[PDB]
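*Asks:*
Chains as they are written, first to last, in the authors' numbering: chain AQ, 1 to 153; chain AV, 1 to 70, 83 to 153; chain AX, 1 to 153; chain BY, 1 to 153; chain AW, 1 to 153; chain BB, 1 to 70, 83 to 153; chain BC, 1 to 153.
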């Protein structure tokens, strides 16, 4: 159930005052992805470039090709091999490294590996891992940006 | 500048009412990481298990060993959660991992676009947190 | 949750009046250890040498590399092998054996072996073993020093 | 000079309110050891099991079989080999790993290695190492329990 | 005992009037290092850039992984092999070589090799070497900068 | 432009009260070096031994053989001190060596940052001189 | 007997009005050289850069490592092998080839090869070769510059 909104209220960043990003719908590279492009920016973020082909701003979310089931316990009551379905959330952003050099692609990618029997037997802990991860990310968004520029923890 | 707060307001999830997670400071596996463990949960999230030896609940953030001058510097944010796959099985480790790859000259020459990538990414994550959990259980986008 | 205080009140010893040890943070040998070193001594403990390169005074506490889970019971209801995670607490002290000899390293080392399922199922008994061990050590600290010097049990 | 008291004030632990352990004299495994066994517990430590045949609670302290003398310096004034006499303090506690499993033996063991000439020439530093080790243990008893259960350092 | 202060009063340089450097605490690359980053500059130094990831300003100080002891004299009264513990102090600074080229890393590194038995037997001469070296460095700081640019002794 | 003064005000050290070192001019080992020897000490630094044949006290500063046009030009500052390890042993040479590696185009295009690196380095060294001696004897940072 | 003066009056060049070059004393690369660096320029020469490490302005003069003597005539009254001592005078100047490219090193080098018995037996002709060479150089200095830029004789 992944469906973003037209203005996404961007997580707080150091020099940004109330930043929002307008999403336009885009066709995803796989058939297993939903992708949006950041067509325009709102808020007092100065210098932020929107989505081009050579300088992209893309938010794509993908499901695995083949689902994996939990399987069945063996003679010792132990399930031999627990595969894991991983869902992928990836942001590509055009970033300019040098004074005249051409845009490179900064990349922010998230992988959510859910074990096989998890999604059904223990859903609360799955949801809890996701909420803790995203809550820490949104809490420390500004500081993680500061670190991405400073190199300091 | 990565330093979490004692109660972390956890992102919205489907069955959770006002979920918060209490972090206790932990020693990280590398000398380049800061790690906290989820010692207790607050809010109406029934069944959620906290950090145990058998099933961990850990939030670790790491910087690269060597910085690159102008290549990519990648910073890593990883959450490990004890999740039980079957009726009597040993806990498996669900894993949510984030990698932030900043090009070399980016951090200095174009900092606004770096911060904007991070802002968009985390903002979409927090907006769709509930739906991404729904997807992690459904298998459907 | 291991974090010592700046002045550590040292356990009673025979010739010592109110002995305290100032700990300075030191970097541990492994990445899974926390180490402090005794930079200075307070109290009436005459002759006590602090940490030097030649004669160290170090207090290091380490957790195991890989934690061990309890395991799954078999058809009979029996769990086949209970591994044990051991935590280690070790003090190294520079001590001079003869009139002109190089310092030797007296060594006080504790090992706490907790079985695999214990830490979760029966935590009260784990805590009780620890509190009894450390309580007997602190009660008989002066007497154990007397023994370590006398050979008298 | 090792002789514990009838109620041993147990070191502070997380869930325990004023915990004490009654020791009953027990006969040691070697002839060079003194052993007591925890016959009963006092204080608010709920669930703590005393010494049974199936799950023991034992505190044994042993001195080495053969003491080692410092030795004679050679022509250069150097003593060739400094042996070390080690005294041993060991607590064994019955701890149950799973819901229906047989009790495992949690094990807390201390070793005090004193070099050969130390006990006579430099006794203050020996006593100081012991008092610092035991003082840090009693200061961080609750925290070391928290670590032994959490895996958190 | 290495702990710098918030404003470090920088050693005199040719074009600089009363320069100071603000240090912010940073995580060091090894577990054996303490590292600070120059987050901001004070004084009338014009053009000086502060710490970025691609243009760093870092002051890191490291101890050796394993200490070395003096050892013991052989049959002739001579100590066969005197190892040396070296401590390392290193400053990395982003410097721009060309008109549009990207920042390179100027590097100022100090190595202090202390022989094994030195640190204990002859500490005054160790301290004296350090004080003479650092005193000549601070006396000729401006002139060493002049040389770093001129190529002239 | 490296030319030391006759009494060098030595950096603060733990047991030293107002230490100064008198330099006498010496011939260097290479033709690219200027070297002085510490012929005498002033101040309350008891036990400090001056330059002898058996135990040297020397301060030598060297430029590279060939300059590099736009690679690195490294300048070297090295102090050798006679230090005695045991009760009757021969003197060992404690060694304090500094290397200043300037990139090729740096010296001309960006001189302020070069001078600033040198300023920060020497300023922290002089600020923590006493503590760095304490560390050289303790083994502890 | 080579010792230049503080302002060297530079030989006439096309666009230069009364050019002078200030020499500062420099340490030479060999032990057999005397080297000066052009620290500053006087006269109406516009665009002339002084001595840097990456853009040098150096005037170095070197003698041979080993002198050679004339030798002795053989049975036919002929001296079999007349070696030659060569003295070297070399000027290095930072010159910028492209619009943004980095400085390359223009190089003006003079070699004076004096045969062995010459320096003693026939000194007048040695001095005469030197004076004619340097006199033609100073006479055609402007024109040789014109040629160095034009490619025209």
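The C-beta atom is built at its ideal place from N, Cα and C for all residues, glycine as well.
Measuring straight from C-alpha to C-alpha, what distance separates residue 24 of chain BB and residue 4 of chain BB?
*Replies:* Here residue 24 of chain BB refers to the residue found at position 24 when the sixth chain is read from its first residue. Here residue 4 of chain BB refers to the residue found at position 4 when the sixth chain is read from its first residue. Their backbone Cα atoms lie some 10 Å apart in a straight line.
*Asks:* Would you call the segment 99 to 106 of chain BB in contact with the segment 76 to 84 of chain AW, where contact means no fewer than 3 C-beta pairs closer than 8 Å?
*Replies:* yes
*Asks:* Is there a Cβ from chain AW that is less than 8 Å from the Cβ of residue 72 of chain BY?
*Replies:* On the fourth chain, residue 72 of chain BY is found 72 positions in, with the first residue counted as 1. No, no contact with chain AW.
*Asks:* Of all the CB atoms in chain BC, is at least one closer than 8 Å to the CB of residue 67 of chain BB?
*Replies:* Counted from its first residue, the sixth chain places residue 67 of chain BB at position 67. By this cut-off, residue 67 of chain BB is an interface position.
*Asks:* Which of the residues in the segment 42 to 65 of chain AV, read from start to end, lie with their CB under 7 Å from any CB of chain BY?
*Replies:* Of all residues in the segment 42 to 65 of chain AV, 51, 53 have a Cβ within less than 7 Å of some Cβ in chain BY.
*Asks:* Does chain AW have any CB closer than 8 Å to the CB of residue 162 of chain AQ?
*Replies:* This structure cannot settle anything about residue 162 of chain AQ, because the visible part of chain AQ is limited to 1 through 153.
*Asks:* Can you tell me whether DSSP reads residue 139 of chain BC as helix, strand or coil?
*Replies:* Here residue 139 of chain BC corresponds to residue number 139 of the seventh chain, with the count starting at 1. Helix.
*Asks:* Taking any Cβ of chain AW, which residues in the segment 116 to 139 of chain AV have a Cβ under 7 Å from it, in chain order?
*Replies:* 116, 117, 119, 120
*Asks:* Do residue 27 of chain AW and residue 149 of chain AQ have their CB atoms nearer than 8 Å?
*Replies:* Taking the fifth chain and counting its residues from 1, one reaches residue 27 of chain AW at position 27. Taking the first chain and counting its residues from 1, one reaches residue 149 of chain AQ at position 149. No.
*Asks:* Roughly how many angstroms separate the alpha carbons of residue 1 of chain AQ and residue 44 of chain AV, rounded to a whole number?
*Replies:* Position 1 of the first chain holds residue 1 of chain AQ. Position 44 of the second chain holds residue 44 of chain AV. Computed Cα separation, rounded: 22 Å.
*Asks:* Roughly how many angstroms lie between the CA atoms of residue 7 of chain AX and residue 47 of chain AX, to the nearest whole one?
*Replies:* Stepping through the third chain from its first residue, residue 7 of chain AX is reached at position 7. Stepping through the third chain from its first residue, residue 47 of chain AX is reached at position 47. Cα to Cα, the separation comes out at about 19 Å.
*Asks:* Run the CB neighbour count on residue 109 of chain BC, radius 10 Å, all protein chains shown included, and call it buried at 16 or more, exposed below.
*Replies:* Your numbering for residue 109 of chain BC matches position 109 in the seventh chain. Residue 109 of chain BC is exposed by the Cβ-count criterion.
*Asks:* Which value, in whole angstroms, describes the spacing of the CA atoms of residue 139 of chain BC and residue 56 of chain BB?
*Replies:* Here residue 139 of chain BC corresponds to residue number 139 of the seventh chain, with the count starting at 1. Here residue 56 of chain BB corresponds to residue number 56 of the sixth chain, with the count starting at 1. Their backbone Cα atoms lie some 56 Å apart in a straight line.
*Asks:* Under 8 Å: do the segment 32 to 44 of chain AQ and the segment 61 to 70 of chain AQ share three or more Cβ pairs, one atom per stretch?
*Replies:* Yes: the two stretches touch, three or more of their Cβ pairs being nearer than 8 Å.
*Asks:* If residue 58 of chain BB and residue 50 of chain BB are in contact, beta carbons under 8 Å, what's the gap, nearest whole angstrom?
*Replies:* Sequence index remark: in the sixth chain, residue 58 of chain BB carries index 58 (1-based). Sequence index remark: in the sixth chain, residue 50 of chain BB carries index 50 (1-based). Not quite, the Cβ-Cβ distance comes to about 11 Å (not below 8 Å), so this is no contact.
*Asks:* Give me, in chain order, the residues of the same chain whose beta-carbon lies closer than 7 Å to that of residue 67 of chain BY; leave out the 5 immediate sequence neighbours on both sides.
*Replies:* For this step, residue 67 of chain BY is matched to residue 67 along the fourth chain. Excluding sequence neighbours, residue 67 of chain BY sits near 85.
*Asks:* Hey, how far is the Cα of residue 21 of chain BB from the Cα of residue 91 of chain BB?
*Replies:* Position 21 of the sixth chain holds residue 21 of chain BB. Position 79 of the sixth chain holds residue 91 of chain BB. If you draw a straight line from the Cα of residue 21 of chain BB to the Cα of residue 91 of chain BB, it comes to about 13 Å.
*Asks:* Along chain AX, in chain order, which residues have C-beta atoms closer than 8 Å to that of residue 152 of chain BB?
*Replies:* Counting from one through the sixth chain, the residue named residue 152 of chain BB turns up at place 140. Per Cβ cutoff of 8 Å: 24, 26, 37, 39, 51.
*Asks:* Closer than 9 Å by beta-carbon distance: list the chain AX residues that pair up with residue 32 of chain AW, in chain order.
*Replies:* Translated into the one-based positions of the fifth chain, residue 32 of chain AW becomes position 32. Near residue 32 of chain AW (Cβ distances below 9 Å), the residues of chain AX are 27.
*Asks:* Listed in chain order, which residues of the segment 85 to 100 of chain AW have Cβ atoms closer than 8 Å to some Cβ of chain AQ?
*Replies:* 100
*Asks:* Less than 8 Å separating the beta-carbons of residue 146 of chain BY and residue 17 of chain BY?
*Replies:* One-based indexing of the fourth chain puts residue 146 of chain BY at position 146. One-based indexing of the fourth chain puts residue 17 of chain BY at position 17. Result no, Cβ atoms of residue 146 of chain BY and residue 17 of chain BY do not sit closer than 8 Å.
*Asks:* Just to confirm my understanding: we take residue 124 of chain BB, look at its own chain, exclude 5 residues before and 5 after, and list those with CB closer than 7 Å. What are they?
*Replies:* For the purposes of this step, residue 124 of chain BB is taken as residue 112 along the sixth chain, with counting starting at 1. Cβ-Cβ distances below 7 Å link residue 124 of chain BB to nothing in the same chain once the five nearest sequence neighbours on each side are left out.
*Asks:* Under a CB-based cut-off of 8 Å, is residue 107 of chain AQ close to chain AW?
*Replies:* Position 107 of the first chain, counted from the start, is the residue given in the question as residue 107 of chain AQ. No, residue 107 of chain AQ does not count as interfacial toward chain AW.
*Asks:* Out of AW:77, AW:144, AW:151, AW:53, which one is the CA nearest neighbour of residue 133 of chain BB?
*Replies:* Along the sixth chain, read from residue 1 onward, the residue named residue 133 of chain BB stands at position 121. Of AW:77, AW:144, AW:151, AW:53, the residue nearest in Cα terms is AW:144.
*Asks:* What number of angstroms, rounded off, separates the C-alpha of residue 69 of chain AQ from the C-alpha of residue 131 of chain AV?
*Replies:* For this step, residue 69 of chain AQ is matched to residue 69 along the first chain. For this step, residue 131 of chain AV is matched to residue 119 along the second chain. Looking at the two C-alpha atoms, the distance is approximately 35 Å.
*Asks:* Compare the beta carbon distance of residue 128 of chain AW and residue 97 of chain BB with 8 Å and say whether it is the shorter of the two.
*Replies:* Taking the fifth chain and counting its residues from 1, one reaches residue 128 of chain AW at position 128. Taking the sixth chain and counting its residues from 1, one reaches residue 97 of chain BB at position 85. No, the Cβ-Cβ distance between residue 128 of chain AW and residue 97 of chain BB is not below 8 Å.
*Asks:* Determine whether the Cβ of residue 18 of chain BY lies closer than 8 Å to any Cβ atom of chain AX.
*Replies:* Numbered from its first residue, the fourth chain carries residue 18 of chain BY at position 18. It does not: the Cβ of residue 18 of chain BY has no partner Cβ on chain AX nearer than 8 Å.
*Asks:* Measure the beta-carbon distance from residue 120 of chain AV to residue 52 of chain AW and round it to whole angstroms, keeping in mind my assumption that it falls under 8 Å.
*Replies:* For the purposes of this step, residue 120 of chain AV is taken as the residue at position 108 of the second chain. For the purposes of this step, residue 52 of chain AW is taken as the residue at position 52 of the fifth chain. Rounded, the Cβ-Cβ distance is 4 Å, consistent with contact.
*Asks:* Please report the Cβ distance between residue 54 of chain AQ and residue 94 of chain AQ, rounded to the nearest whole angstrom; I am assuming they are in contact, meaning their Cβ atoms lie under 8 Å.
*Replies:* Residue mapping note: residue 54 of chain AQ aligns to position 54 of the first chain, counting from 1. Residue mapping note: residue 94 of chain AQ aligns to position 94 of the first chain, counting from 1. With 8 Å as the limit, residue 54 of chain AQ and residue 94 of chain AQ qualify as a contact, their Cβ atoms being about 7 Å apart.
*Asks:* Mind checking who residue 117 of chain AV pairs with in its DSSP beta bridge?
*Replies:* By 1-based counting over the second chain, the position of residue 117 of chain AV is 105. In the DSSP output, where bridge partners are listed per residue, residue 117 of chain AV has none listed.
*Asks:* Check the C-beta distance from residue 141 of chain AX over to residue 77 of chain AQ and give it rounded, since I have them as a contact under 8 Å.
*Replies:* Taking the first residue of the third chain as 1, we reach residue 141 of chain AX at position 141. Taking the first residue of the first chain as 1, we reach residue 77 of chain AQ at position 77. Contact doesn't hold; Cβ gap of about 49 Å is too wide.
*Asks:* For a contact meaning CB atoms closer than 9 Å, what does residue 103 of chain BC contact in chain BB?
*Replies:* Reading the seventh chain from its first residue, position 103 is the one you call residue 103 of chain BC. The contacting residues are 69, 70, 117, 120.
*Asks:* Kindly indicate which residue of AX:37, AX:80, AX:114 has the alpha-carbon position closest to the one of residue 100 of chain BY.
*Replies:* Within the fourth chain, residue 100 of chain BY is the residue found at index 100, counting from 1. Comparing Cα-Cα distances from residue 100 of chain BY to each of AX:37, AX:80, AX:114, the minimum goes to AX:80.
*Asks:* For a contact meaning CB atoms closer than 9 Å, what does residue 145 of chain AQ contact in chain AX?
*Replies:* On the first chain, residue 145 of chain AQ is found 145 positions in, with the first residue counted as 1. Within 9 Å Cβ-Cβ: nothing; residue 145 of chain AQ doesn't reach chain AX, min ~27 Å.
*Asks:* Residues of chain BY with CB under 7 Å from residue 15 of chain AW, in chain order?
*Replies:* Counted from its first residue, the fifth chain places residue 15 of chain AW at position 15. Residues of chain BY whose Cβ lies closer than 7 Å to the Cβ of residue 15 of chain AW do not exist, since the nearest Cβ in that chain is about 49 Å away.
*Asks:* Applying the 10 Å Cβ sphere with the 16-neighbour rule, what's the burial state of residue 135 of chain AV?
*Replies:* Position 123 of the second chain, counting from 1, holds the residue named residue 135 of chain AV. Residue 135 of chain AV comes out buried.
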